[PDB]
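In: an experimental structure, sequence included, is below.
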Amino acid sequence: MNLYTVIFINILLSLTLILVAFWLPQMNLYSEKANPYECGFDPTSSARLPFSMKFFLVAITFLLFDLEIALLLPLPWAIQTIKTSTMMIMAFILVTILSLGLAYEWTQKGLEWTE
Amino acid sequence: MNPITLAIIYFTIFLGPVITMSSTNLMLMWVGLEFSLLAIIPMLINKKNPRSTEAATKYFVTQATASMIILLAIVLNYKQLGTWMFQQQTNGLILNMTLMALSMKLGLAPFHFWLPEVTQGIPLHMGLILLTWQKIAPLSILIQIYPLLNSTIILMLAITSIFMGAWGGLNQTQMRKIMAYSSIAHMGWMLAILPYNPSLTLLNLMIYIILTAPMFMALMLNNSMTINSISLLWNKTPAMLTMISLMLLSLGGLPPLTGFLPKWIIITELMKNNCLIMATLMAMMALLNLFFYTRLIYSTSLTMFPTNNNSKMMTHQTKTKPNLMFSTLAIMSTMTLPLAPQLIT
Amino acid sequence: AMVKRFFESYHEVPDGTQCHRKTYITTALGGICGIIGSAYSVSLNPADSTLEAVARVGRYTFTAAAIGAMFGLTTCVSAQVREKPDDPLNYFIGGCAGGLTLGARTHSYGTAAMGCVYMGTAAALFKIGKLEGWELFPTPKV
Amino acid sequence: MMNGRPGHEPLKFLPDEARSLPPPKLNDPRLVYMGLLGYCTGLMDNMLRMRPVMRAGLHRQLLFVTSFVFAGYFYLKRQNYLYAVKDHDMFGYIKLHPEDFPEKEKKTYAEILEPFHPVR
Amino acid sequence: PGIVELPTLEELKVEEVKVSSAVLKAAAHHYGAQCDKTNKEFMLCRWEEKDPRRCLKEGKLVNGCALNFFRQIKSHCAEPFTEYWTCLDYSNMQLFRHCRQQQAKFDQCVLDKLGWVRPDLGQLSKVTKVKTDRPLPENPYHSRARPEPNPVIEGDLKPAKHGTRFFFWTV
Amino acid sequence: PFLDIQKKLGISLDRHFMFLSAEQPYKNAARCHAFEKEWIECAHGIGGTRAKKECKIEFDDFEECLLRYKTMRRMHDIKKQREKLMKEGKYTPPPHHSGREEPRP
Amino acid sequence: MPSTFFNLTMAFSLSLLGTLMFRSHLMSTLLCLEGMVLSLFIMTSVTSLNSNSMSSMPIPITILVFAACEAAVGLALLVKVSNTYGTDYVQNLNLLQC
Amino acid sequence: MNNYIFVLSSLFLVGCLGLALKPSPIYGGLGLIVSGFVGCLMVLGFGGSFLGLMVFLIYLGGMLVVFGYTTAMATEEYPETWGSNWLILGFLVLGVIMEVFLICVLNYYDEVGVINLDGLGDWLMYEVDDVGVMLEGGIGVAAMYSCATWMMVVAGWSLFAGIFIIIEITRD
Ligand SMILES: CCCCCCCCCCCCO[C@@H]1O[C@H](CO)[C@@H](O[C@H]2O[C@H](CO)[C@@H](O)[C@H](O)[C@H]2O)[C@H](O)[C@H]1O
Ligand SMILES: CCCCCCCCCCCCO[C@@H]1O[C@H](CO)[C@@H](O[C@H]2O[C@H](CO)[C@@H](O)[C@H](O)[C@H]2O)[C@H](O)[C@H]1O
Ligand SMILES: CCCCCCCCCCCCO[C@@H]1O[C@H](CO)[C@@H](O[C@H]2O[C@H](CO)[C@@H](O)[C@H](O)[C@H]2O)[C@H](O)[C@H]1O
Ligand SMILES: CCCCCCCCCCCCO[C@@H]1O[C@H](CO)[C@@H](O[C@H]2O[C@H](CO)[C@@H](O)[C@H](O)[C@H]2O)[C@H](O)[C@H]1O
Ligand SMILES: CCCCCCCCCCCCO[C@@H]1O[C@H](CO)[C@@H](O[C@H]2O[C@H](CO)[C@@H](O)[C@H](O)[C@H]2O)[C@H](O)[C@H]1O
Ligand SMILES: CCCCCCCCCCCCO[C@@H]1O[C@H](CO)[C@@H](O[C@H]2O[C@H](CO)[C@@H](O)[C@H](O)[C@H]2O)[C@H](O)[C@H]1O
Ligand SMILES: CCCCCCCCCCCCO[C@@H]1O[C@H](CO)[C@@H](O[C@H]2O[C@H](CO)[C@@H](O)[C@H](O)[C@H]2O)[C@H](O)[C@H]1O
Ligand SMILES: CCCCCCCCCCCCO[C@@H]1O[C@H](CO)[C@@H](O[C@H]2O[C@H](CO)[C@@H](O)[C@H](O)[C@H]2O)[C@H](O)[C@H]1O
């Protein structure tokens, strides 16, 4: 109950500041004020057009590496096992293959951003 | 691909079905099917053109969707019975979605529409893997739960596949599309008999595979993608005309070839179970396959189509193919009906 | 469900009697086949607009329902007039009448003629199956 | 159908109880035909490689013939065993259930009245 | 479809050991040494019988043993024991390591007054054997008789009679 | 499995966590351990077809233990009959069902 | 438990319906697959907790591991589709009709 | 508090409805983040802890990659929201109405079957080992390192092979 209570208060405080910030100040809306900023000149296109991602391969590698750490985060419970040798070999093998995967991608220039 | 990539990817292609066939747990069976999907995609798209990209994408979205439905059934059964295998007490709807999703993975009609398109978009040697090695894992699952399956859904899938495999293959001029429709028709036969006698499902799978493998090797010899391309065989590799003709007639199930055996035995077993009407319909529409195979035989070995001047330069060159696996499979796929009693029991 | 029972009511009484109820049952069955076929048609061969898709769904369903009505009516009237409840010929006449209807709706004597023979033979064989206890989807026995 | 039977070893090509069966003759007609197929495979392989069909690679031809016969002999032994097991189970089941398989006392044609259908 | 038999509320009346968790933990090591025989009898009943209704008599002896143990502390060592469990009760986890000074004063008291030796590390976690007049339950799961296995077919293998018998094949 | 490699080699890659009654960490029995143990043991050695009829008692009990359809319905009936009587003013819950119990121990 | 599992199965069915009823973006469909994965994860996790089946808790994690591999391949394919056509629209992926 | 888990599973259902309607993947990505959070709460509510926090953490990472991919390869001039198209908005409202209807009707016919609105909160936790120590979900997951090592072998192989797969798919 307590965790729910404090997070609601955190939400409540943030939303109150937003309401104050939008209803206290004097406003003056006109078109030139609300147009998008681009260093004093008009944009030549939408900001909604495609924006190329040069690190796209690192990005999807990160998806796999993020499930690798998910497999590592039970380790504090796993070190309590009687089967210490089995746990240790499994953890060593898991870390080593992930290193080999990173090493391969590194030597394939998979960490280099595209030009 | 460099050697390390080939070894890892081909090993994973091999591994997935082995996991599926050896697993007691349904989750590990699903894991095996997951390995197959993931590992085969880079091979499908290896050549990297718009058609191969289309083929790999269509294959991915179909297979991943079917994999989720299979997982739903496994999870629902785990909820119902607290176990990781389907039982006699598993809810029938759970089993019917497993059958639906596996049949979509296999490309059985009416979940077939993807398969002729994907086969058309990929290299011949990948079509070979798609239509042979990749069938084994989903079929292996079905064979395990054959007493639990609904005969009504199976026969409807089976007759639909035979009908659409037949009419589908009738309109094709592309070889890769003809093989895909041949796959669908033969899967219809494999499935029809699975709930009655799963050993005859395996007999049909084996005979289909040893017919399809050398047929793909024959296409691979000159990279014949169309009827008009294969019709130049008489000028490029005439020695293959005898075995292609017999393999095509064997695929069509004409006696006294080995390919008559699966249709013959499945009819016998279906009628031991009073499945007379379906067996009649299946056998009658399977003749339509023999029609488009015959038209193919007409354009390769029984007539000689016009050739071209550049083909003379080909006759100056020596070839190093086919390997001797072609001759072994070609002979055993056509001339082994005398040994029929050793193949069914 | 009760929907299944509504279709078992076709065989509750011998042919040639209760021809009104049997005509509703076969009209309903024909309509369902038209709805299924229409669904695959519009999904796989989409129309140029929604009003054409809906127009095509109605064309298929009513045509399929008409075929089922003519088959069910003609079969029962034929058995009533000929006083032969258990004759597969009554079903052949009904299946031919259904086949003629299909040709009349699609403006084709070849479909009428080809429809009559194929649908007559299929319907006659259905009656023989009902009499001789054939199973369409037998469960495994051996 | 037989896979779950009592005393079934997993992935055993030739169970030890199969050694009570008479082995196939080495000139069994099915084994002679296997060797003939191996010979055809060798000739077809020569044809496909544009070699003299009968003359080229007699060492390759001999290996084709011997492999087919060698494999066929052991496969034939396994197939003999599976058929023998099927009969062993069928007859054994018949003995445990004599009420489902009664001996039907048949009547002579002196008592049976078959209908006569004149041909004319 | 049978009636579940429940003991009456009167059968479930006992003298409660109604002291707090810090009091129990402070005395837990001496309690385990002093009331072991009664406590191990009750736990053997529970694991053998798998039914709390079959162990009510032994459960009541557990409560009486615990009350006789705490009355010995009350009559001889009340003040050393109170100083100890009150210090132990301060910690959010009731840790032993924050009150070693008060534990030693209590331990010395129950040693001189009552001769009670605190068990060593590892001793209370041992599996021990206990003697009981209670019979061993014969079918604690109330399981039915297992269905009889299929009759096995015996004899030596013979060849298939007339070979495979597959249509027209002779062998 | 389709290929019984694990049985042939006498290993266990996935045979030993197949059902509720299997080994659990720190010997924490799963729900319905005793019912699933009884159902598996009744069925052993007789095959699935016979087990469906002849172990029907064990399966129903295990099914009830795990899914608890009957337990939920029985409590729904008692609580529904109590609601009817209280509205009619014919039943008054005791003090211990109203939050004024004499807590044990 | 009863009502929670009904709602979770409905959540899977909606995600599958989303997968089966394409709009234009291939990426929107890839998100629907992740929705089915998410539903199945919770269903497996809640079942293991409700039955106190601690030996089955590895399985939900393995569901996410292979889903990550499936999602990574899906995104890798989507890069290829976008490179060919400049969008991820599925109507362009129609060359294999002939 | 007796409605707590039903409310959460009801929120989860709406999130998947929003995803199924497939607005711009920007809002699809947001829909999965909220559903992931709601899904974490449900796992927590049933006594979970590690599993709930894992799936939220994994999906937080997963949707960040999808955000990056969306801005490069799945964007249009006018990205669609749930309100932008009247047709999508109507099926959002109709879908929510059909949820209330489906739960209402199923409650009437069975009353204790799939929906048991009278008994909500009485059948969340079934059994709990009151005096236990080693019971948290992380212990169960950790069996991959000792008792279920095959599960970890296959999981590790798929991530390792995935690196080689995605490198092959993405090279030109
Ligand atoms: C290709 C990937 C390669 C990377 C993976 C390599 C993994 C190989 C690991 C080698 C190290 C194993 O190290 C091994 O540790 C275990 C405990 O963990 C030690 O084991 C020792 O302590 C344990 C307690 O833990 C005792 O029960 C055991 O009797 C004793 O041998 C072994 O003496 C040591 O050999
Ligand atoms: C295909 C099945 C049979 C083969 C089985 C698989 C084992 C193959 C063993 C030989 C593999 C060695 O293959 C070798 O891989 C390394 C990966 O580090 C590549 O090399 C890579 O790293 C080295 C670093 O100095 C550089 O060449 C470069 O950065 C990159 O290409 C080599 O270009 C390739 O030649
Ligand atoms: C149950 C009975 C079994 C019947 C067995 C069937 C036998 C095979 C029938 C298919 C015949 C193969 O097809 C036949 O191939 C041979 C080469 O081998 C061709 O042979 C001819 O043309 C080729 C070039 O095309 C020349 O190189 C060759 O010298 C010439 O004889 C025939 O023109 C063709 O018709
Ligand atoms: C236009 C000609 C068409 C030729 C095709 C064959 C036509 C014959 C089929 C229609 C005959 C009457 O319709 C047929 O009878 C009734 C309808 O109430 C149902 O009859 C059957 O129902 C179920 C099958 O689900 C059986 O278990 C039941 O024993 C039997 O009564 C069938 O579902 C329907 O097929
Ligand atoms: C017991 C016997 C009962 C007999 C009645 C049942 C049989 C029904 C036969 C239906 C015949 C098809 O119906 C017939 O189709 C032709 C096709 O040229 C169409 O005929 C009409 O339109 C077509 C083009 O649309 C023109 O080319 C033609 O000159 C004109 O007559 C009509 O639609 C109808 O005259
Ligand atoms: C051109 C298309 C037609 C192809 C013709 C196919 C071959 C000829 C079909 C003959 C029809 C078989 O006729 C049918 O046979 C079956 C199978 O024995 C038997 O029928 C019966 O079989 C068994 C009893 O043995 C019953 O359990 C079953 O329910 C019932 O159908 C009857 O004898 C007859 O109803
Ligand atoms: C997106 C958000 C969706 C919100 C969904 C709706 C949330 C509200 C849930 C309403 C469902 C029923 O919610 C509430 O259930 C409890 C059980 O816990 C019932 O419980 C109470 O009333 C019923 C009889 O009326 C009896 O069980 C008993 O007298 C008492 O426990 C409440 O009467 C009912 O109002
Ligand atoms: C072709 C690719 C595959 C080859 C690569 C994989 C090699 C295998 C490595 C994984 C080995 C797993 O090895 C397997 O471990 C489990 C525990 O996890 C052991 O399991 C053992 O302990 C468990 C603990 O609960 C008992 O319940 C079980 O009854 C017992 O067999 C198996 O006896 C052992 O066979």
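Out: Nice, thanks for sending it over. Numbers count the residues shown, from 1 in each chain, chains lettered A, B, ... in the order given. Ligands and ions are numbered 1, 2, ... in the order given.
In: distance between the biggest helix by length in chain C and the chain's centre?
Out: Secondary structure of chain C per DSSP state H: the longest helix is helix C:50-82. The chain centre lies 7 Å from the centre of helix C:50-82; the measure is C-alpha atoms, centre = their mean, to the nearest Å.
In: got a list of what residue E:24 touches?
Out: Residue E:24 makes contact with residue E:31 under the criterion C-beta atoms under 8 Å, 6 or more residues apart in numbering or on different chains. Yep, even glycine has a C-beta here, placed from its N, CA and C like the rest.
In: any idea how far it is from residue E:32?
Out: 11 Å (C-beta to C-beta, to the nearest Å).
In: please apply the same query to residue E:125.
Out: 10 Å.
In: before we move on, what about residue B:66?
Out: For residue B:66, the distance to residue E:32 - C-beta to C-beta - is 59 Å.
In: again with residue C:101
Out: 92 Å.
In: kindly report the same for residue G:67.
Out: Taken as C-beta to C-beta, the span from residue G:67 to residue E:32 is 49 Å.
In: which one of these two has more residues nearby?
Out: Between residue G:67 and residue E:32, counted using other C-beta atoms under 10 Å in any protein chain shown, residue G:67 has the larger neighbour count: 25 against 15.
In: tell me who's in contact with the more buried one.
Out: Contacts of residue G:67 by C-beta under 8 Å, 6+ apart are G:34, G:37.
In: looking at this, it is in a helix?
Out: Yes: judged by DSSP: H, G, I helix; E, B strand; the rest coil, residue G:67 forms part of a helix.
In: residue B:68: how many residues sit nearby?
Out: Around residue B:68 there are 23 residues (other C-beta under 10 Å).
In: cool, and residue A:19?
Out: Neighbourhood size, residue A:19 [other C-beta under 10 Å]: 9.
In: cool, and residue H:1?
Out: Around residue H:1 there are 6 other residues, counting by other C-beta under 10 Å.
In: next, count neighbours for the closest residue in space to it that isn't next to it in sequence.
Out: Computed as C-beta to C-beta, 6 or more residues apart in numbering or on different chains, the closest residue to residue H:1 that is not its neighbour in sequence is residue H:121, at 6.9 Å. Neighbours of residue H:121 under the rule other C-beta under 10 Å: 12.
In: go on, residue G:53?
Out: Neighbours of residue G:53 (other C-beta under 10 Å): 24.
In: likewise for residue E:150?
Out: With other C-beta under 10 Å as criterion, residue E:150 counts 14.
In: how much space separates residue A:60 from residue H:25?
Out: For residue A:60, the distance to residue H:25 - C-beta to C-beta - is 15 Å.
In: typed the wrong thing, it's residue H:125
Out: Distance, residue H:125 to residue H:25, by C-beta to C-beta: 38 Å.
In: got a list of what whichever residue of chain D sits closest to ligand 3 touches?
Out: Using C-beta to the nearest ligand atom, residue D:47 is the residue of chain D that sits closest to ligand 3, at 7.6 Å. Residue D:47 sits next to B:239, D:53 when contact means C-beta under 8 Å, 6+ apart.
In: now do the same for the nearest residue to residue H:125 once chain neighbours are set aside: helix, strand or coil?
Out: Setting aside the residues directly before and after it, residue H:125 is nearest to residue H:47 in space (C-beta to C-beta, 6+ apart), at 6.5 Å. Assigned with three-state DSSP, residue H:47 falls in the coil class.
In: same question for residue D:112.
Out: Recorded secondary structure, residue D:112: coil (three-state DSSP).
In: give me the neighbour count for the residue in chain D that chain A sits nearest to.
Out: Here chain D gets closest to chain A at one residue, residue D:10, 26.3 Å apart by C-beta to the nearest C-beta. By other C-beta under 10 Å, the residues close to residue D:10 number 13.
In: could you measure from it over to ligand 6?
Out: Going from residue D:10 to ligand 6 by C-beta to the nearest ligand atom, to the nearest Å gives 36 Å.
In: then residue C:26?
Out: From residue C:26 across to ligand 6, the span is 24 Å (C-beta to the nearest ligand atom).
In: where's that residue, which helix or strand?
Out: Assigned by DSSP states H and E, residue C:26 falls within helix C:19-44.
In: what of residue B:266?
Out: Residue B:266 belongs to helix B:260-272, assigned by DSSP H and E.
In: show me where chain G has its strands.
Out: Counting by DSSP state E, chain G forms no strands at all.
In: now the helices for it?
Out: Using DSSP H, helices in chain G cover G:2-20, G:26-50, G:58-85.
In: ok now stretch H:70-89, how far from the chain's centre?
Out: Distance of stretch H:70-89 from its chain centroid, counting by C-alpha atoms, centre = their mean, is 22 Å.
In: kind regards, and thank you for your time.
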